[PDB]
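Trainee: My structure is below; once you've seen it, I'll send some questions.
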């Protein structure tokens, strides 16, 4: 579940925004420590939040993966990224989940919303969900 101290956009940033993420097995602990579950798959975009908020102004499209949402936007550029796959579902403890690291450089797709009152006023619209990379 999203930790209450984070807006949707801030949780998106924890999960998907890191210019210099550690190795997946380490990088995933911060995310996983909150939900008491190891996320099966996750992607860190190696850019900063302002660039992803910019994507929100591109053409509004149906989310290609999570097709219940209508507020997605595709990036116009490739970004470097680090993708993480859970290797050992059934790990006895969160700290023992291990991930395979898959670096890449791709376009991405985000769903956006008007910002939470707790979000920076720099971003009237914010990304709240990483839909997919390609």
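Trainee: Taking region 115-134 only, how many residues are free of Cβ contacts under 8 Å to residues at least 12 places away in the same chain and either touching a strand residue (DSSP E or B) at 6+ places or on another chain (Cβ under 9 Å) or closer than 30 Å to residue 85 by Cα (or both)?
Mentor: Taking region 115-134 and keeping what is free of Cβ contacts under 8 Å to residues at least 12 places away in the same chain, we get 117, 120-121, 124.
Filter once more, so that each one left must be either touching a strand residue (DSSP E or B) at 6+ places or on another chain (Cβ under 9 Å) or closer than 30 Å to residue 85 by Cα (or both): 120, 124.
Qualifying residue count, region 115-134: 2.
Trainee: Within region 100-134, track down each residue that is in a loop (DSSP other than H, G, I, E, B) and crowded, with 16+ Cβ neighbours inside 10 Å.
Mentor: Passing the criteria: 115, 119, 123.
Values quoted throughout were computed directly from the atomic coordinates according to the rules given, and no laboratory measurement underlies them. Note that we place each Cβ from the backbone using ideal geometry, even for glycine, and neighbour counts take in every protein chain shown.
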